[PDB]
Amino acid sequence: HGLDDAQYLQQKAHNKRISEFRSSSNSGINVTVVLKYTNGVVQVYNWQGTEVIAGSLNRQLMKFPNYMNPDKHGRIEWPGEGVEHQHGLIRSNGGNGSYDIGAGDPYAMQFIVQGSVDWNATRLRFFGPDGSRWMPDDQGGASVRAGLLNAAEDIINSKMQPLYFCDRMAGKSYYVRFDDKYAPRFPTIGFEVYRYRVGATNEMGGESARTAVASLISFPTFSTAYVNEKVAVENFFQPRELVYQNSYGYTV
Amino acid sequence: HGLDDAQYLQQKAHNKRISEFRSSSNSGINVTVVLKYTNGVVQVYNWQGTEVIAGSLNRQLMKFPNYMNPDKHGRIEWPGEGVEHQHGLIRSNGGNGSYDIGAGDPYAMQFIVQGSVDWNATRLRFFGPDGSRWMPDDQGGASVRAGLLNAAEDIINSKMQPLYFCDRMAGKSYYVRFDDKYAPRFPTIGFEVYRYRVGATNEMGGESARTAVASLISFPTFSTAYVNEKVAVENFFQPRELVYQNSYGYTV
Amino acid sequence: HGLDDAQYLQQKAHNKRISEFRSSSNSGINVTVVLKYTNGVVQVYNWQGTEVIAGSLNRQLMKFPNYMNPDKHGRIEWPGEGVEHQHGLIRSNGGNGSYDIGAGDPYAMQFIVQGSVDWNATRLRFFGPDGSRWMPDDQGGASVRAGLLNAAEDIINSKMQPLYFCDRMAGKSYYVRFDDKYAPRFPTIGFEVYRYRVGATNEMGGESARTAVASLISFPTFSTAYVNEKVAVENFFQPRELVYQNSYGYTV
């Protein structure tokens, strides 16, 4: 020895760089919403950002198919799951002529956050299909006069499960069923995710204001629907090195 | 007496809390755009936020049906109201083969703002179908070189009508016809609405910068189209406790 | 002489006002993305703003037709260019049953920025069809762990061509082919464009924070598709006084 210590060190320096770079304010943080349907389809929305990642999905995007991801025949609605159906979700007995639950009404979601993130600061907000603020403990959806838009329960960090990649925690995942218990049966969502900062300077304001504001919407949002989770994982999540928890509880 | 003063006080404390909570920076402010069509349909877009509410609608969303709200048959365009029609709106005599005015070209809008709002600061901006800045006094739509994006007339507060809920003013509404007089015949819109602050600390910046920026897009936008105003009011506005001025000038 | 010096001066004052107004923080800055298709179609997206203009397009909007601009028959997808096709773009050999290259997959884009702009500060970011960060020098699309979201090469100013209107430079244009050389063959994009400031006060923060943040999304985005560049120029760009470089290298 040591014949190849230089090659070894270079590989180590490469591994260190790539792993620690996640801490840079100029690396990416990822937020993925994965919607699950009773036919096995998963619909994926993936947002990226540097300092802040914020977004929402209304019922038009929570359902499948939709204008973003039509079905194989190019349809953005299914018979009996169109406007009349949506009206029956907005208001109890306010519908006409539709399936009671849509094949395209998701039954659960996985919310995955990855990167060097201020985990404690993550907000995930649930609303009813009409935009009413939904709260836990079965009080129903709140009106606009009574609705607290920033509730204690939006802070989901403690319920998120750590997802590891090699020896580091790469992200966290929250799995929830849409059953009117821990989330609405027909929810819409908003979320905010924030960069973990390694110093005290506020990079969302001051000399950083211009780029902070621009960064909110200057990264494309990826979306598609996959026939099943198996295909989604091999063709999207794995190659992007995005951690994901599968239907069996395993990190993949 | 007084046998039930405690129950009375508790109800009073409940009523006070819910009514005054609108003043909290963490309550919701609502902006609703209601588009009216000559077949009686109303198309609703409802934005919510805490400190700032901002948004826009281009012609693709000003018209009905569209990708957000297809018609009962799942169509996002009507024959003779498709691309050729849109081209004829963008530029005078720039179309081919389309209805002169679309059944799905709205004839009026109600712009409703509700919550504890800095009313004086509200902006509503009108643009032509091509994105040209539209100004009052019939000068036409302005080019990009001449277009003032923040005009005196964007400040619509004085033209808005107060809408009361019980003994308090809950919101304000502005009704306008799309007739090239007080608004374009084929408009597109942008708006900004701002929280009324009860103190001097700037919650859009400084220590509040990160959440201020995130809040711009972290609440889902509700949208649907209803067969008529009557149905919209009973199934959406009333239950959400959103004030709304009906076709007869009444607050409902 | 001079019989009409007053009329002359007034016209000169008018010309000076309109030309210099571009420098006002309350004038408009324009960003236009023009996508080019092998059937001659051009698809236009035009954003406006005062201090900052930021945005993105994912594959659903990079392609033609789409939910924003259906084809003449109202279709938002073409056979063999639907979900299966998109899957084959997201991941090599991850598709089934689709055209190898879509008629609706653009082959090039012109990115045009106009107004009083901090030219040096412009960012244009390229990503693959899966949202992977794309870098020059053929290293492929980067994973999320390794992806630098703000790279040196995002600063495209030096590659942009100046476009003049009369005696002033009105904007700059960047033309690029989607050929895996200087941009991805199947790209998605994000961009940030910033106001040139004539003073040192930061109008993206401080006392300007509230309007700065609101301005990010309070101007409608114009979009349409035109049968060819000739028609687009005469019916949209020319009347808006938006500079544009045609297929022959001429400013029009």
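Calculation criteria
Residues numbered from 1 in each chain as written, not as in the entry; some residues may be left out. Chains lettered and ligands numbered in written order. Heavy atoms only, no water. Helix = DSSP H or I, 4+ residues; strand = E, 2+ residues; numbered from the N terminus. Buried < 20%, exposed > 50% of the residue type's maximum accessible area, 1.4 Å probe, protein only. Areas by Shrake-Rupley, 256 points an atom, 1.4 Å probe, with all protein chains shown as cover. Contact = heavy atoms within 4.5 Å. Buried area = accessible area lost by both parts, 1.4 Å probe. Salt bridge = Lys/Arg side-chain N within 4 Å of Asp/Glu carboxyl O. Polar contact = N/O pair within 3.5 Å; in protein donor to acceptor, adjacent residues only side chain to side chain. Least-squares fit on C-alpha atoms. Pairing = 2+ DSSP bridges. Axes fitted to C-alpha atoms, helices over the stretch in contact; angles between N-to-C directions. Core = buried A, V, L, I, M, F, W, Y, C linked by side-chain atoms within 4.5 Å. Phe/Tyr/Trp six-rings, centres within 6.5 Å; stacked < 30°, edge-to-face > 60°.

Focus on the overall build of chain A
Item 1. Counting its secondary structure elements, chain A contains 5 helices and 11 strands.
Item 2. For chain A, the C-alpha atoms occupy an extent of roughly 80 × 40 × 30 Å along the three principal directions.
Item 3. Counting only residues that meet the buried cut, chain A has 58% of its 252 residues in that class.
Item 4. Summing over all exposed atoms, chain A offers an accessible surface of approximately 11100 Å²; the carbon and sulfur share of this is 48%.

Considering the interface of chain C and chain B
Item 1. Facing 45 residues of chain C, the contacting portion of chain B comprises 45 residues.
Item 2. A per-residue breakdown of the area chain C buries against chain B is headed by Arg210, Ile217 and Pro220 of chain C, which together make up 16% of the total.
Item 3. In this assembly, chain C and chain B are joined by 1 salt bridge.
Item 4. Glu241 of chain C is the partner of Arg145 of chain B in a salt bridge, and the nearest nitrogen-oxygen pair spans 2.8 Å.
Item 5. Remark: the boundary between chain C and chain B carries 14 residue pairs in polar contact.
Item 6. Elements with a contribution of two residues or more to the side of chain C that touches chain B: α1 (5-20), β2 (42-49), α4 (209-215), β11 (222-226) and α5 (229-240) of chain C.
Item 7. The element best represented in the side of chain C that touches chain B is α4 of chain C, accounting for 6 residues.

Some points on the relation of the copies chain C and chain B
Item 1. For the pair chain C and chain B, the superposition axis carries a translation of 0.0 Å, the fit reaches an RMSD of 0.0 Å, and the rotation angle comes to 120 degrees. Interpreted geometrically, this transformation is the action of a three-fold axis. For chain C, the minimum C-alpha distance to the rotation axis belongs to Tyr67 of chain C and amounts to 3.4 Å.
Item 2. Both copies present different contact surfaces, since only 11% of the interface residues of chain C are interface residues in chain B too.

Side note on the relation of the copies chain A and chain C
Item 1. Rotating chain A by 120 degrees about the axis while translating it 0.0 Å along that axis superimposes it on chain C, leaving an RMSD of 0.0 Å.
Item 2. A share of only 11% of interface residues in chain A that are also interface residues in chain C marks the association as one of differing surfaces.

Here's the deal with the sheet that holds β11 of chain C
The strands that make up a sheet pair up through hydrogen bonds in the backbone, lying either parallel or antiparallel.
Residues and elements named next belong to chain C.
Item 1. Taken in spatial order, the 6 strands of this open sheet run β8-β9-β4-β1-β2-β11, and their pairing is antiparallel. Looking at strand neighbours, the two that pair on one side only are β8 (161-165) and β11, the edges of this open sheet. Sheet twist, expressed as the average angle between the axes of neighbouring strands with direction ignored, equals 20 degrees.
Item 2. Two strands pair when backbone bridges link them, and β2 and β11 are joined in this way by 5 bridges, in the antiparallel orientation. The residue bridging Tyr45 from the neighbouring strand is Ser223, located in β11.
Item 3. Most of the contacts of α5 go to β2, to which it runs at about 15 degrees, and overall it touches β1 (29-36), β2, β4 (108-114) and β11.

Here's the deal with the environment of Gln48 of chain A
Item 1. If you trace the backbone, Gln48 of chain A turns up in strand β2 (residues 42-49).
Item 2. A sequence separation of 67 residues divides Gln48 of chain A from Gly115 of chain A, and the C-alpha atoms of the two residues are 10.0 Å apart.
Item 3. Apart from the residues lying within four places of it in its own chain, the contact partners of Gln48 of chain A are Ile29, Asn30, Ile53, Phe219, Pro220 and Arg240 of chain A together with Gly131 and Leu149 of chain C.
Item 4. A distance of 2.9 Å separates the side chain of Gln48 of chain A from the backbone oxygen of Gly131 of chain C, its partner in a polar contact.

Regarding the nonpolar core
Item 1. Counting residues in hydrophobic clusters, the biggest one holds 108 residues, and the most contacted among them are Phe111 of chain A, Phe111 of chain B together with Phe111 of chain C.
Item 2. Excluding residues that lie within four positions of it along the chain, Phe111 of chain C makes contacts with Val31, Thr32, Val33, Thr122, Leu124, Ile156, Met160, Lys172, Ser173, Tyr174, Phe191 and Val193 of chain C.
Item 3. Membership of the second largest hydrophobic core comes to 33 residues, among which are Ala54, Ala209 and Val213 of chain A together with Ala214 of chain B.

What to know about unusual backbone geometry
Item 1. With an omega of -15 degrees, the peptide bond between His1 of chain A and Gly2 of chain A qualifies as cis.
Item 2. Within the fold, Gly2 of chain A resides in the segment before α1 (5-20).
Item 3. For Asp138 of chain C, which is not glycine, the phi torsion reads 55 degrees and is therefore positive.
Item 4. Relative to the elements of secondary structure, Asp138 of chain C occurs in the loop between β6 (133-134) and β7 (141-142).

Brief notes about the packing of aromatic side chains
Item 1. Under the defined criterion, the tally for this structure stands at 36 aromatic pairs over all chains.
Item 2. Relative to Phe191 of chain B, the ring of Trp47 of chain B has its centre 4.7 Å away and its plane inclined at 70 degrees; by these criteria the two rings are edge-to-face. With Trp47 of chain B in strand β2 (residues 42-49) and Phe191 of chain B in strand β10 (residues 188-194), this residue pair connects regions lying 144 residues apart in the sequence.
Item 3. On the basis of relative accessibility, which here comes to 0%, the residue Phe191 of chain B falls in the buried class.
Item 4. In this structure an aromatic cluster arises from ring pairing among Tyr45, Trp47, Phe111 and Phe191 of chain A.

Concerning the side chain of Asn69 of chain C
Item 1. Take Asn69 of chain C: it is sitting in the loop between α2 (59-62) and α3 (83-90).
Item 2. At a separation of 3.2 Å, a polar atom in the side chain of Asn69 of chain C contacts the side chain of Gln60 of chain B.

Section: the pattern of salt bridges
Residue and element names in this part refer to chain A.
Item 1. With the rule as written, the count across this model stands at 33 salt bridges over all chains.
Item 2. Across the pair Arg75 and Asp71 runs a salt bridge whose closest N-O atoms are separated by 3.1 Å.
Item 3. Taking relative accessible area as the criterion, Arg75 reaches 38% and is therefore assigned partly exposed.
Item 4. Given a relative accessible area of 7%, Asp71 falls into the buried group.

Considering the pairing of β2 of chain B
Residues and elements named next belong to chain B.
Item 1. Extensive coverage of β2 is indicated by the burial of 8 of its 8 residues.
Item 2. Across the two faces of β2 the burial is the same, with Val42, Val44, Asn46 and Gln48 and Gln43, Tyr45, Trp47 and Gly49 all buried.
Item 3. With 8 bridges joining them, strand β1 (residues 29-36) and β2 adopt antiparallel strand pairing. Its bridge partner lying in β2, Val33 is registered against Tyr45.

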